[PDB]
Amino acid sequence: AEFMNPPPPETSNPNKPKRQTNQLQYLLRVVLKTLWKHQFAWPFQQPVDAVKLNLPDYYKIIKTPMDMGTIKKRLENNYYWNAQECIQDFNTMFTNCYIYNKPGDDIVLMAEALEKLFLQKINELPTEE
Ligand SMILES: CCNC(=O)[C@H](C)NC(=O)Cn1cc(-c2c(C)noc2C)cn1
């Protein structure tokens, strides 16, 4: 933990209500699994370290950070109540990339590849049972 980076998003909290659903299960076993192993996943596998990357303004611009390392912890810890909360995390991660970086930057193309997979899988999100 460098003190000039924020604390990561919460991945545990006993006061937050929690539930398993078939949809959250799919999000872990199918969606995360698929995206995590992708060739271009590695920048999204942990919070942005703005100190190491020499991007002092990152957390001035990006006020709601998210990454797949956090999402994986949230899924594995059953932090979520529903699939929408998890899907919103993924959407936040993509949008933060697209807001902070120039169109056609490598990092943007990488995010775009992951988001394309994501959309395919979320289109097949099972009916809640
Ligand atoms: C703590 C370990 N961390 C790394 O291994 C290093 C520090 N990360 C990288 O080199 C690659 N990276 C680029 C970004 C990024 C994203 C996402 N959106 O905009 C930017 C800019 C995030 N990670």
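Starting from 1, each residue takes its place in the sequence as its number. Scope of the values below: all heavy atoms of this structure, side chains included, with no hydrogens, waters or symmetry mates.
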_Rounded distance [0.5 Å steps], CD1 in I87 versus CD in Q23_ = 7.0 Å
*Do side-chain atoms of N77 reach the backbone of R74 as a donor and acceptor pair under 3.5 angstrom?*
no
*Indicate, with yes or no, if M4 and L53 share a hydrophobic cluster defined by side-chain heavy-atom contacts under 4.5 Å among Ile, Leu, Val, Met, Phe, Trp and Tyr.*
no
*State which residues pass salt bridge (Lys or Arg N to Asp or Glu O under 4.0 Å) with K72; sequence neighbours excluded, sorted by chain then number.*
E76
*Rounded to the nearest 0.5 Å, what separation is found between the OG1 atom of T95 and the CZ atom of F90?*
13.0 Å
*Drop me the distance from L75's CG to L27's CG, to the nearest 0.5 angstrom.*
6.5 Å
*Take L24 and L28 through the side-chain contact (heavy atoms from CB on, under 4.5 Å) test and state the conclusion after the steps.*
CA-CA 6 Å; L24 283 164; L28 177 52; over 6 Å; no
*Reported NZ-to-CD distance for the pair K52 and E2, which is rounded to 0.5 angstrom*: 12.0 Å
_Heavy-atom closest pair, residues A111 and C97_ = CB-SG, 3.7 Å
*Any donor-acceptor N/O pair, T70 side chain to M66 backbone, under 3.5 Å*: no
*Test item: side-chain donor near acceptor, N5 and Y58, under 3.5 Å*: no
*Is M93 reachable from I61 through a run of I, L, V, M, F, W or Y residues, each pair having side-chain heavy atoms under 4.5 Å apart?*
no
*Indicate, with yes or no, if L35 and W42 share a hydrophobic cluster defined by side-chain heavy-atom contacts under 4.5 Å among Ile, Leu, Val, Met, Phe, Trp and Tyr.*
yes
*Rounded to the nearest 0.5 Å, how far does CD1 of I62 lie from CG of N101?*
8.5 Å
*Minimum heavy-atom distance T21-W81, with the two atoms named*: CG2-O, 4.2 Å
_Quick one about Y80 and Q20 (side-chain donor to acceptor, distance below 3.5 Å, no hydrogens or angles considered), yes or no?_
no
*Under the 3.5 angstrom rule, does the side chain of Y59 hit a backbone N or O of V48 as a donor-acceptor pair?*
yes
*Atom NZ of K37 and atom CG of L32: how far apart are they, to the nearest 0.5 Å?*
11.5 Å
*Does a side chain donor of either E10 or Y79 reach within less than 3.5 Å of an acceptor in the other side chain?*
yes
*Does the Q45 side chain pair with the main chain of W36, one donor and one acceptor, at a distance under 3.5 Å?*
yes
*With distance as the sole criterion, is a donor-acceptor pair present between the side chains of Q88 and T92 under 3.5 Å?*
yes
*Kindly work out whether a path of hydrophobic side-chain contacts (I/L/V/M/F/W/Y, heavy atoms less than 4.5 Å apart) joins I107 to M68.*
yes
*Going by an N to O cut-off under 4.0 Å, is there a salt bridge joining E85 and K16?*
yes
_With sequence neighbours excluded, residues passing ring-ring contact (aromatic ring centres under 6.0 Å, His included) with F40_ = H38
*Heavy atoms of other groups near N13 CG, more than 12 under 6.0 Å*: yes
Side-chain donor-acceptor contacts of residues 117-129 below 3.5 Å, not counting sequence neighbours, with atom names and distances?
none

*Apply side-chain contact (heavy atoms from CB on, under 4.5 Å) to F94 and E112, showing your working.*
CA-CA 8 Å; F94 295 126; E112 279 177 339; over 6 Å; no
